[PDB]
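Asker: Experimental structure and sequence below.
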Amino acid sequence: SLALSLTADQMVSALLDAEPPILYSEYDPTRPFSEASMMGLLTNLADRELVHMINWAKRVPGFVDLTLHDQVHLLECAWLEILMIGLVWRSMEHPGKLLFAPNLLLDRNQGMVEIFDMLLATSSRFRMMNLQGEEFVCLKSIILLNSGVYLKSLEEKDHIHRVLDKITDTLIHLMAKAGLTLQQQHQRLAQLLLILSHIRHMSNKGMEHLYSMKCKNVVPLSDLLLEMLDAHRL
Amino acid sequence: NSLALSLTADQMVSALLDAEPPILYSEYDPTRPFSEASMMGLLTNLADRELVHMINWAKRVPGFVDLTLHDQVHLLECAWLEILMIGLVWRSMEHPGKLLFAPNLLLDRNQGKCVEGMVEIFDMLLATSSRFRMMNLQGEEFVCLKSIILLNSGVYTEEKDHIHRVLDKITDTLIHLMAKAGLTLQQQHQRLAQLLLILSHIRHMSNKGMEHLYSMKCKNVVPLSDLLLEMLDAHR
Amino acid sequence: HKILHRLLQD
Amino acid sequence: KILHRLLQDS
Ligand SMILES: CC1CCC(=C(c2ccc(O)cc2)c2ccc(O)cc2)CC1
Ligand SMILES: CC1CCC(=C(c2ccc(O)cc2)c2ccc(O)cc2)CC1
């Protein structure tokens, strides 16, 4: 595996280079939008983001080393988490707003709103922590590998745990270079990882919401989103 | 100012150890549960009695008392199933392939197979349990993690700085325990990362469990207590 | 009013 | 499925 042989700085450079682009929505100020129409924009946007996410995951060190079925499982489990942490990262410099797209800035308006408030709080957290881009790409890669880690073997889990340990070292390395004391490093590391718990929660809440509007037959869900959503159906 | 931040690491550890609720027992009728009625009946009754201990445990967690009553409610409502589950998983550590809900109530995945949507959550709990076992999780570490869950799970919804600092204090306490155990600095931050990542799975299992509980509530199968109903509806 | 409100006071 | 396919393409 090339991942386990990477230095901390190379790991960062690899993750930075693998970053997907920020996509635009179809939002038009002159066009009226219902609650349905807004979900349509978010659905359409997320659908196009997924195709970029899949190709991003391939460039995440260690991910390609896994079997296809394990790559599928991890993406199925983590896709909404990864979208949301991207959304929260983009929304940092916009207090009280969520930047779904450069042409789509939404505030606390459209009822749903509970998840918005949770996303807003997370963004507030990123801002107060002064989260760095290098830390962000580390967090997003951790989510991809961790969110679905828990036959015969399936000593793949060991490989994933190895990479996870590698990304941990990278985070600490980043904080150390940032001039943080040992105590500040451990504290910030813990702070960053506890956010993944809130991201997990928001994803689970969002998945329930997406399931609701599916059965409501209100918003045209894409073929891929229908697959990703169905994977969480229990 | 809060007393929690003035505590030493050992004081924090000792406070958490002293706050520990007991391991309760289930009904003493044998009959390994297989039906959804007998299964959820025993689990509901058990969780109900555990919740009363959890509440009085939370009061003895440093920093928790300093919060307003409404904030205490919010954090407990948010985390209660997470806390129950990490307890379950801890108890089940040295019983691989089994879940020790109570010393007189050990369930395996074969008993979850007879209830829709349960065996999936059972498998997740079992995996978390063996994961804790492979990491050789210590009781002192466990109580730190459980307090972390209590304070963090609903902390995003000027005293927010308080919980943040208390959470940092518990982080220091964890590190202290690992250094006490003779781990190197690299081993310490690697172990800290591993433990905290599992909190994301505990979170996930709680939300899936909450759905499962909501289903059985709609089924009107097992009598829920008023307390359990209020804790459940808080997630609705 | 909540039961949780009561139990947290005792 | 679509995800397995897109992951497989090169
Ligand atoms: C209220 C919640 C609902 C879920 C959510 C979505 C979302 C909405 C509709 C979908 O079909 C799929 C995903 C999201 C998150 C990030 C992103 O970059 C684009 C879309 C964000 C806000
Ligand atoms: C799939 C199962 C897994 C765990 C579970 C629990 C549970 C978790 C930990 C315990 O020590 C005791 C009980 C439950 C069941 C019924 C109820 O009314 C409240 C909680 C939720 C459902």
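Answerer: That came in fine, so what should we check first? Numbers count the residues shown, from 1 in each chain, chains lettered A, B, ... in the order given. Ligands and ions are numbered 1, 2, ... in the order given.

Asker: need the helices for chain C, in chain order.
Answerer: C:3-7 (DSSP state H).

Asker: Where does it get nearest to chain D, residue-wise?
Answerer: residue C:4 (42.1 Å; CB to the nearest CB). C-beta: built from backbone N, CA, C; applies to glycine.

Asker: show me what contacts the nearest residue to that residue once chain neighbours are set aside?
Answerer: Spatial nearest neighbour of residue C:4, chain neighbours left out: residue B:73 (5.2 Å); criterion: CB to CB, 6 or more residues apart in numbering or on different chains. For residue B:73, the contacting residues are C:2, C:4, C:5, C:8, by CB atoms under 8 Å, 6 or more residues apart in numbering or on different chains.

Asker: My guess is the second one contacts residue B:76. True?
Answerer: Yes: the pair residue C:4 / residue B:76 is scored as a contact, 6.2 Å apart, by CB atoms under 8 Å.

Asker: what do the two both touch?
Answerer: With CB under 8 Å, 6+ apart as the test, residue C:4 and residue B:76 both reach B:55, B:231.

Asker: So which of the two has more stuff around it?
Answerer: residue B:76 (23 against 20; other CB atoms under 10 Å in any protein chain shown).

Asker: For the host helix or strand of the more buried one, which residues meet the burial criterion?
Answerer: In this structure, residue B:76 is located in helix B:69-91 according to DSSP states H and E. Using 16 or more other CB atoms under 10 Å in any protein chain shown as the test for burial, helix B:69-91 gives B:71-91.

Asker: Can you pull up the most central residue in chain A?
Answerer: residue A:82 (1.5 Å; CA atoms, centre = their mean).

Asker: Any figure for the gap between that one and chain B?
Answerer: 13 Å (CB to the nearest CB, to the nearest Å).

Asker: Next: residue A:10.
Answerer: Taken as CB to the nearest CB, the span from residue A:10 to chain B is 19 Å.

Asker: ok, which residues in chain A are in contact with ligand 1?
Answerer: A:39, A:42-43, A:45-46, A:49, A:83-84, A:86-87, A:100, A:112, A:115-116, A:206, A:209-210, A:221, A:225 (CB under 6 Å from any ligand atom).

Asker: let's see 5 Å
Answerer: A:42, A:43, A:46, A:83, A:87, A:115, A:206 (CB under 5 Å from any ligand atom).

Asker: Chain C too?
Answerer: Counting by CB under 5 Å from any ligand atom, no residue of chain C is near ligand 1.

Asker: Quick check: the residue of chain C nearest chain A.
Answerer: residue C:2 (18.9 Å).

Asker: Neighbours of that residue, how many?
Answerer: 16.

Asker: which residues does the nearest residue to it once chain neighbours are set aside contact?
Answerer: Residue nearest to residue C:2 in three dimensions, not counting chain neighbours: residue B:230, with 5.5 Å by CB to CB, 6+ apart. Applying CB under 8 Å, 6+ apart to residue B:230 gives the contacts C:2, C:3, C:4.

Asker: give the contact list for the last one.
Answerer: For residue C:4, the residues meeting the contact criterion (CB under 8 Å, 6+ apart) are B:55, B:73, B:76, B:77, B:227, B:230, B:231.

Asker: The same query, at a cut-off of 10 Å, please.
Answerer: Counting by CB atoms under 10 Å, 6 or more residues apart in numbering or on different chains, residue C:4 touches B:51, B:55, B:69, B:72-74, B:76-77, B:80, B:227, B:230-231, B:234.

Asker: How about the second one?
Answerer: When contacts are counted by CB under 10 Å, 6+ apart, residue C:3 is found next to B:51, B:55, B:225, B:226, B:227, B:228, B:229, B:230, B:231.

Asker: now these as TSV including secondary structure?
Answerer: Converted to TSV, the contacts of residue C:3 look like this (DSSP: H, G, I helix; E, B strand; the rest coil):
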residue	secondary structure
B:51	helix
B:55	helix
B:225	coil
B:226	helix
B:227	helix
B:228	helix
B:229	helix
B:230	helix
B:231	helix
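
Asker: that older thread, could you report the distance from the residue nearest to residue C:4 to chain A?
Answerer: In terms of CB to the nearest CB, residue B:73 sits 17 Å off from chain A.

Asker: about what we covered before: the helix holding residue B:76 versus helix A:182-215: what angle between them?
Answerer: 90 degrees (axes from the mean of the first three to the mean of the last three CA atoms, to 10 degrees).

Asker: so how far is helix B:69-91 off the chain centroid?
Answerer: 6 Å (CA atoms, centre = their mean, to the nearest Å).

Asker: if you look at that helix, does any of it touch ligand 2?
Answerer: Yes: Helix B:69-91 lies within reach of ligand 2 by CB under 5 Å from any ligand atom, at B:84, B:88.

Asker: so after that helix, what's the next helix or strand?
Answerer: strand B:98-102.

Asker: Tell me which residue of chain C lies closest to ligand 1.
Answerer: Nearest residue of chain C to ligand 1: residue C:2, at 27.1 Å (CB to the nearest ligand atom).

Asker: I figured that residue hits residue B:227, correct?
Answerer: Yes: with contact defined as CB atoms under 10 Å, residue C:2 reaches residue B:227; the gap is 9.0 Å.

Asker: Identify the residue of chain A closest to ligand 2, quick one.
Answerer: residue A:234 (10.6 Å).

Asker: still on that earlier bit, what about dumping the CA coordinates of the helix holding residue B:76 to PDB?
Answerer: Output of helix B:69-91 as PDB, limited to C-alpha atoms (Å, rounded to 0.1, in the frame of the first residue of the first chain):
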ATOM      1  CA  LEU B  69     -31.700  22.600  34.600                       C
ATOM      2  CA  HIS B  70     -33.000  23.000  31.000                       C
ATOM      3  CA  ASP B  71     -29.500  22.400  29.600                       C
ATOM      4  CA  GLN B  72     -29.200  19.300  31.800                       C
ATOM      5  CA  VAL B  73     -32.500  18.100  30.400                       C
ATOM      6  CA  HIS B  74     -31.400  18.700  26.800                       C
ATOM      7  CA  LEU B  75     -28.100  16.800  27.200                       C
ATOM      8  CA  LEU B  76     -29.800  13.900  28.900                       C
ATOM      9  CA  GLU B  77     -32.600  13.700  26.300                       C
ATOM     10  CA  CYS B  78     -30.000  13.800  23.600                       C
ATOM     11  CA  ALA B  79     -27.600  11.200  24.900                       C
ATOM     12  CA  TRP B  80     -29.600   8.700  27.000                       C
ATOM     13  CA  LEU B  81     -29.600   5.900  24.500                       C
ATOM     14  CA  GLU B  82     -25.900   6.500  23.700                       C
ATOM     15  CA  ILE B  83     -25.100   6.200  27.400                       C
ATOM     16  CA  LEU B  84     -27.100   3.000  27.800                       C
ATOM     17  CA  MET B  85     -25.500   1.500  24.800                       C
ATOM     18  CA  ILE B  86     -21.900   2.300  25.700                       C
ATOM     19  CA  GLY B  87     -22.700   0.700  29.100                       C
ATOM     20  CA  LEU B  88     -24.100  -2.400  27.400                       C
ATOM     21  CA  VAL B  89     -21.000  -2.600  25.200                       C
ATOM     22  CA  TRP B  90     -18.600  -2.200  28.100                       C
ATOM     23  CA  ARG B  91     -20.500  -4.900  30.100                       C
END
